[PDB]
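start_15.txt follows (compact mmCIF, C-alpha atoms and all ligand atoms):
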# COMPACT_ATOMS: atom_id res chain seq x y z
CA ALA Y 3 300.71 166.99 187.24
CA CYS Y 4 304.39 168.14 187.15
CA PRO Y 5 304.73 170.93 184.53
CA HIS Y 6 308.35 171.92 183.82
CA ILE Y 7 311.41 172.41 185.93
CA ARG Y 8 313.21 175.43 184.40
CA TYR Y 9 316.95 175.25 184.83
CA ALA Y 10 320.21 176.74 183.56
CA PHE Y 11 323.58 174.84 183.62
CA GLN Y 12 327.19 175.97 182.93
CA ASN Y 13 330.19 174.23 184.41
CA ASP Y 14 332.96 172.72 182.41
CA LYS Y 15 334.06 170.50 185.39
CA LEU Y 16 330.74 168.61 185.27
CA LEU Y 17 328.65 166.87 182.65
CA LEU Y 18 324.90 166.58 182.14
CA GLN Y 19 324.21 162.88 182.25
CA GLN Y 20 320.46 163.01 181.62
CA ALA Y 21 317.32 164.99 182.18
CA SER Y 22 315.02 161.90 181.99
CA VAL Y 23 312.54 159.99 184.17
CA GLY Y 24 311.81 163.44 185.83
CA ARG Y 25 315.25 163.90 187.40
CA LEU Y 26 318.32 165.80 186.26
CA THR Y 27 321.64 164.01 186.90
CA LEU Y 28 325.09 165.63 186.53
CA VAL Y 29 328.29 163.53 186.87
CA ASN Y 30 331.86 164.79 187.64
CA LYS Y 31 334.18 165.19 184.68
CA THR Y 32 337.37 165.59 186.70
CA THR Y 33 338.69 164.09 189.92
CA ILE Y 34 337.56 165.86 193.05
CA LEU Y 35 339.88 165.79 196.03
CA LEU Y 36 338.31 165.15 199.47
CA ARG Y 37 340.39 166.16 202.43
CA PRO Y 38 339.86 164.04 205.57
CA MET Y 39 337.26 165.26 208.10
CA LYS Y 40 336.84 168.44 206.12
CA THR Y 41 333.80 169.80 204.20
CA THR Y 42 334.08 169.50 200.42
CA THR Y 43 331.72 171.71 198.53
CA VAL Y 44 330.94 171.36 194.81
CA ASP Y 45 329.54 174.51 193.11
CA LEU Y 46 327.35 173.17 190.34
CA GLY Y 47 326.87 176.11 187.98
CA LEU Y 48 323.25 174.86 188.26
CA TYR Y 49 320.12 177.11 188.69
CA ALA Y 50 316.55 175.94 188.87
CA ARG Y 51 312.96 177.05 189.52
CA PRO Y 52 310.53 174.41 190.76
CA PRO Y 53 307.11 174.44 189.19
CA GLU Y 54 304.25 175.65 191.29
CA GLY Y 55 303.27 173.52 194.33
CA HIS Y 56 306.65 171.70 194.27
CA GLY Y 57 310.06 171.91 195.93
CA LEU Y 58 313.46 170.86 194.66
CA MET Y 59 315.70 168.28 196.30
CA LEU Y 60 319.45 168.11 195.68
CA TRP Y 61 321.69 165.14 196.37
CA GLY Y 62 324.78 163.25 195.49
CA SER Y 63 325.10 159.54 195.14
CA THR Y 64 328.31 157.70 195.03
CA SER Y 65 329.82 154.32 195.47
CA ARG Y 66 332.72 155.64 197.46
CA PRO Y 67 333.26 156.31 201.14
CA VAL Y 68 331.74 159.85 201.04
CA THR Y 69 328.35 160.98 202.47
CA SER Y 70 326.47 163.86 200.85
CA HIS Y 71 324.01 166.25 202.38
CA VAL Y 72 320.50 166.07 200.97
CA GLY Y 73 319.39 169.64 200.27
CA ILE Y 74 315.89 171.00 200.35
CA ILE Y 75 315.96 174.06 198.11
CA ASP Y 76 313.67 176.91 199.03
CA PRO Y 77 311.15 177.31 196.22
CA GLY Y 78 312.24 180.94 196.01
CA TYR Y 79 315.97 180.46 195.78
CA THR Y 80 317.50 181.80 192.54
CA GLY Y 81 321.20 181.33 193.25
CA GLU Y 82 323.79 178.71 192.21
CA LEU Y 83 323.14 175.26 193.75
CA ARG Y 84 325.94 173.53 195.74
CA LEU Y 85 326.41 169.87 196.71
CA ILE Y 86 327.92 169.44 200.21
CA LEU Y 87 329.99 166.31 200.77
CA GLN Y 88 331.47 164.87 203.90
CA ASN Y 89 334.32 162.61 204.17
CA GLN Y 90 334.15 159.38 205.95
CA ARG Y 91 337.92 158.39 205.70
CA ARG Y 92 340.80 159.98 207.66
CA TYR Y 93 343.12 160.36 204.61
CA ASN Y 94 342.98 162.00 201.26
CA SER Y 95 340.42 160.26 198.96
CA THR Y 96 339.16 161.15 195.51
CA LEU Y 97 336.09 160.91 193.51
CA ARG Y 98 337.16 159.86 190.01
CA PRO Y 99 335.13 160.89 186.91
CA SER Y 100 331.55 159.61 187.28
CA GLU Y 101 332.12 158.33 190.75
CA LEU Y 102 329.86 161.23 191.79
CA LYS Y 103 326.36 161.60 190.46
CA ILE Y 104 324.52 164.80 191.42
CA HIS Y 105 320.69 164.71 191.33
CA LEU Y 106 318.11 167.45 191.19
CA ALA Y 107 314.36 166.51 191.34
CA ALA Y 108 311.06 167.93 192.47
CA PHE Y 109 308.32 166.81 194.86
CA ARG Y 110 304.81 168.07 195.80
CA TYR Y 111 304.60 169.23 199.42
CA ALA Y 112 302.14 170.98 201.73
CA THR Y 113 302.63 173.49 204.56
CA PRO Y 114 300.60 173.16 207.73
CA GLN Y 115 298.74 176.28 208.97
CA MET Y 116 300.12 177.25 212.32
CA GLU Y 117 300.16 180.63 214.04
CA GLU Y 118 302.52 179.38 216.74
CA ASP Y 119 305.38 176.96 217.20
CA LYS Y 120 304.17 173.55 218.29
CA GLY Y 121 306.93 172.54 220.77
CA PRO Y 122 310.22 172.19 218.82
CA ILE Y 123 308.40 172.67 215.56
CA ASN Y 124 308.85 176.25 214.39
CA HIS Y 125 305.71 177.55 212.56
CA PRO Y 126 306.20 178.52 208.94
CA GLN Y 127 307.39 181.98 208.01
CA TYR Y 128 304.75 182.35 205.16
CA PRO Y 129 302.08 180.02 203.64
CA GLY Y 130 304.44 178.29 201.19
CA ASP Y 131 307.56 177.44 203.25
CA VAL Y 132 309.13 174.12 202.15
CA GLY Y 133 310.33 173.02 205.53
CA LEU Y 134 309.55 173.97 209.05
CA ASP Y 135 312.62 174.22 211.19
CA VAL Y 136 312.83 172.09 214.31
CA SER Y 137 314.67 173.12 217.46
CA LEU Y 138 316.96 171.05 219.61
CA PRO Y 139 315.11 170.30 222.83
CA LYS Y 140 318.44 170.08 224.71
CA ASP Y 141 322.05 171.23 224.53
CA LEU Y 142 324.16 168.65 222.67
CA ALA Y 143 327.81 167.77 222.12
CA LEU Y 144 329.12 165.56 219.33
CA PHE Y 145 332.64 164.22 219.66
CA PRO Y 146 334.58 163.89 216.45
CA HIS Y 147 333.23 160.76 214.63
CA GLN Y 148 330.26 160.33 216.83
CA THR Y 149 326.57 159.73 216.02
CA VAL Y 150 323.95 161.00 218.42
CA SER Y 151 320.17 160.71 218.01
CA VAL Y 152 317.74 163.24 219.29
CA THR Y 153 314.27 162.05 220.14
CA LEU Y 154 311.21 164.09 219.18
CA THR Y 155 307.90 162.99 220.61
CA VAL Y 156 305.84 165.99 219.68
CA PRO Y 157 303.13 164.98 217.25
CA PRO Y 158 303.70 166.91 213.97
CA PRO Y 159 300.65 168.79 212.59
CA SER Y 160 298.72 166.48 210.23
CA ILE Y 161 298.02 166.85 206.58
CA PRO Y 162 296.04 164.29 204.59
CA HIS Y 163 297.96 162.61 201.76
CA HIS Y 164 301.25 164.02 203.11
CA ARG Y 165 304.15 162.28 204.95
CA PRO Y 166 306.23 164.33 207.42
CA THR Y 167 309.88 163.81 206.67
CA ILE Y 168 313.06 165.13 208.45
CA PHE Y 169 316.03 166.55 206.42
CA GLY Y 170 319.17 168.41 207.57
CA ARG Y 171 319.97 172.13 207.17
CA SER Y 172 322.82 173.07 204.91
CA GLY Y 173 324.39 175.50 207.39
CA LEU Y 174 325.08 172.60 209.71
CA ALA Y 175 326.12 170.35 206.94
CA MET Y 176 328.69 173.13 206.07
CA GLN Y 177 329.93 172.58 209.63
CA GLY Y 178 330.52 168.88 209.26
CA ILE Y 179 327.25 167.95 210.95
CA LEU Y 180 324.83 165.84 208.87
CA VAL Y 181 321.29 164.61 209.53
CA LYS Y 182 320.20 161.17 208.13
CA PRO Y 183 316.92 162.10 206.40
CA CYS Y 184 314.02 160.02 207.54
CA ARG Y 185 310.29 159.51 208.06
CA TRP Y 186 308.77 161.13 211.07
CA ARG Y 187 306.06 158.49 211.78
CA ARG Y 188 303.12 158.60 214.15
CA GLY Y 189 304.72 157.86 217.47
CA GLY Y 190 307.82 160.13 217.15
CA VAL Y 191 311.24 159.91 215.47
CA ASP Y 192 314.86 159.68 216.43
CA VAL Y 193 316.93 162.07 214.35
CA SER Y 194 320.55 160.92 213.62
CA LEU Y 195 323.38 163.40 213.65
CA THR Y 196 326.96 162.68 212.73
CA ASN Y 197 329.95 164.89 213.41
CA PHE Y 198 332.10 164.42 210.39
CA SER Y 199 334.60 167.08 211.54
CA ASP Y 200 337.81 166.71 213.56
CA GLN Y 201 336.42 168.79 216.51
CA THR Y 202 333.77 168.42 219.16
CA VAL Y 203 330.69 170.44 217.99
CA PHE Y 204 328.43 171.96 220.61
CA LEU Y 205 324.93 172.61 219.62
CA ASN Y 206 322.76 174.78 221.71
CA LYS Y 207 319.33 174.02 223.09
CA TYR Y 208 316.66 175.51 220.77
CA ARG Y 209 318.99 175.65 217.87
CA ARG Y 210 317.33 174.74 214.57
CA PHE Y 211 318.98 171.46 213.67
CA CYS Y 212 316.88 170.00 210.93
CA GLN Y 213 313.65 170.68 209.10
CA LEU Y 214 310.30 169.05 208.61
CA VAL Y 215 308.99 168.64 205.06
CA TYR Y 216 305.56 167.26 204.21
CA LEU Y 217 306.24 165.13 201.12
CA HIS Y 218 303.12 164.07 199.21
CA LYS Y 219 302.73 160.32 199.73
CA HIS Y 220 303.22 159.48 196.03
CA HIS Y 221 306.94 160.28 196.74
CA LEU Y 222 307.36 157.23 199.02
CA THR Y 223 307.61 153.79 197.46
CA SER Y 224 308.80 150.34 198.47
CA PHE Y 225 310.18 149.66 194.91
CA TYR Y 226 313.73 150.13 193.72
CA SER Y 227 313.44 151.28 190.14
CA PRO Y 228 314.83 153.86 187.72
CA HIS Y 229 312.21 156.33 189.24
CA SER Y 230 313.41 155.90 192.85
CA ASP Y 231 316.58 156.11 194.94
CA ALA Y 232 317.22 154.29 198.22
CA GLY Y 233 320.05 156.67 199.12
CA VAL Y 234 317.88 159.56 200.32
CA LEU Y 235 315.77 158.13 203.10
CA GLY Y 236 316.06 155.40 205.77
CA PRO Y 237 315.64 151.64 204.79
CA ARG Y 238 311.86 151.08 204.40
CA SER Y 239 310.77 153.84 202.00
CA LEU Y 240 312.62 155.05 198.98
CA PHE Y 241 312.13 158.54 197.60
CA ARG Y 242 310.32 158.59 194.25
CA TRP Y 243 310.46 162.09 192.70
CA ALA Y 244 307.79 163.80 190.60
CA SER Y 245 307.88 163.27 186.74
CA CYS Y 246 308.94 166.60 185.36
CA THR Y 247 310.66 167.63 182.33
CA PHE Y 248 313.48 170.02 182.39
CA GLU Y 249 313.33 173.05 180.21
CA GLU Y 250 316.60 174.75 179.65
CA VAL Y 251 316.41 178.48 180.48
CA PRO Y 252 319.92 179.84 179.94
CA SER Y 253 319.01 183.33 181.30
CA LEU Y 254 318.48 182.04 184.89
CA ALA Y 255 322.32 181.70 185.28
CA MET Y 256 323.70 184.66 187.26
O1 LIG R 301 322.56 171.10 199.46
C1 LIG R 301 322.11 172.28 199.40
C2 LIG R 301 321.15 172.78 200.27
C3 LIG R 301 320.69 174.11 200.17
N1 LIG R 301 321.15 174.99 199.23
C4 LIG R 301 320.63 176.41 199.12
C5 LIG R 301 319.19 176.47 198.59
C6 LIG R 301 318.31 176.61 199.84
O2 LIG R 301 317.11 177.37 199.65
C7 LIG R 301 319.21 177.38 200.77
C8 LIG R 301 318.91 176.99 202.20
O3 LIG R 301 319.29 175.64 202.50
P1 LIG R 301 319.07 175.04 204.01
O4 LIG R 301 317.79 175.72 204.43
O5 LIG R 301 319.18 173.51 204.11
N2 LIG R 301 320.36 175.70 204.97
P2 LIG R 301 319.99 176.65 206.38
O6 LIG R 301 318.54 176.36 206.74
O7 LIG R 301 321.04 176.35 207.45
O8 LIG R 301 320.12 178.19 205.80
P3 LIG R 301 319.01 179.29 205.23
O9 LIG R 301 319.14 180.41 206.25
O10 LIG R 301 319.49 179.72 203.82
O11 LIG R 301 317.65 178.60 205.27
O12 LIG R 301 320.57 177.09 200.37
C9 LIG R 301 322.14 174.46 198.33
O13 LIG R 301 322.62 175.16 197.40
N3 LIG R 301 322.58 173.16 198.46
MG MG R 302 316.64 176.69 205.96

Target encoding structure tokens, full file:
Amino acid sequence: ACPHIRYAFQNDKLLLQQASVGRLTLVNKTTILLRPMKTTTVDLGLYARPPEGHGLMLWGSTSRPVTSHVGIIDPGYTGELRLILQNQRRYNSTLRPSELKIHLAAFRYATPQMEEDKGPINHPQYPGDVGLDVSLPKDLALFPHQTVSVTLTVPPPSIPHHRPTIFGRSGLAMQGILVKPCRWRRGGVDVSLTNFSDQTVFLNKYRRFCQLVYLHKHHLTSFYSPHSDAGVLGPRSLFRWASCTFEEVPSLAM
């Protein structure tokens, strides 16, 4: 099934750790400073085109007090990929070399056919959209250092062999607001938001605050192994990415 993920990579602050087991991992070569309750952004000098019928997912994993956004990359994006990190601590902290792994992998997804929004669920913009955006059904405030859940009870459209999952949007993650990715199961979901910044953040009713992605079910496993990662989704299912090889395509860098 998974043909080739075509990718370019140039960054002398980062190292390619391996393009095996269907997932590309980079690792930091130098210390990265993380200012407290501020957004730290790592430009990767990484570019990538997912093979047909697949999307790319981008994420950091670390053993330090730092949370990273999980990014769903539009299958048509051709720009430099960024990792967006958020700082737990209230003082300067650092990620030493290799304390930060950065992962890029693909997954099969489907797009429901919808002419209209179904409640908070915004219909797709064209047949292949990776994620449908989902709107806040009520004005929200988040005090600094607060988590808030929003409940969605609308039943998502249904697609055989696919598993509706919620991820955050990078715009909000740029603002210090992160969504905990998780399964949107049959009777509704509670989406977790955390204000990592130092200011109250007001979010307006109807604002798009996360996105719905239909992962194929082969990407959900109950097994920890080298082909899975428990850091992406909520306890219960781990994300297992497609098996793809990477094919280096220098000319994609821009
Ligand atoms: O961690 C990430 C996430 C996204 N991206 C890029 C690729 C993706 O296609 C694009 C959009 O990401 P999101 O959709 O999560 N952000 P938002 O929905 O707020 O903005 P856009 O208007 O670009 O969809 O930005 C990154 O480089 N890193
Ligand atoms: Mg988006």

message: Give me, as a PyMOL selection string, all polymer residues having an atom no more than 10 Å from region 147-158 of chain Y, counting only C-alpha atoms and skipping those fewer than 2 positions away in the same chain.
response: chain Y and resi 39+90+114+120-123+136-140+142-145+160-161+166+179-182+186-202+214+216

task: Would you mind listing what lies within 9 Å of region 71-86 of chain Y as a ChimeraX atom specification, with only C-alpha atoms counted and same-chain residues fewer than 3 positions away left out?
output: /Y:41-62,104,130-133,169-172,175-176,180-183,215,234,254-256

field: Long-range neighbours of residue 94 (chain Y) as a count of residues only, 12 Å cut-off, only C-alpha atoms, 5 positions minimum in chain
entry: 11

task: For CA of residue 103 (chain Y) and CA of residue 20 (chain Y), determine how far apart the two atoms are, in Å to one decimal place.
output: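 CA of residue 20 (chain Y) lies 10.7 Å from CA of residue 103 (chain Y).
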
- line: Among Y:8, Y:163, Y:110, Y:15, residue 242 (chain Y) is approached most closely, using all atoms listed in the file, by Y:110
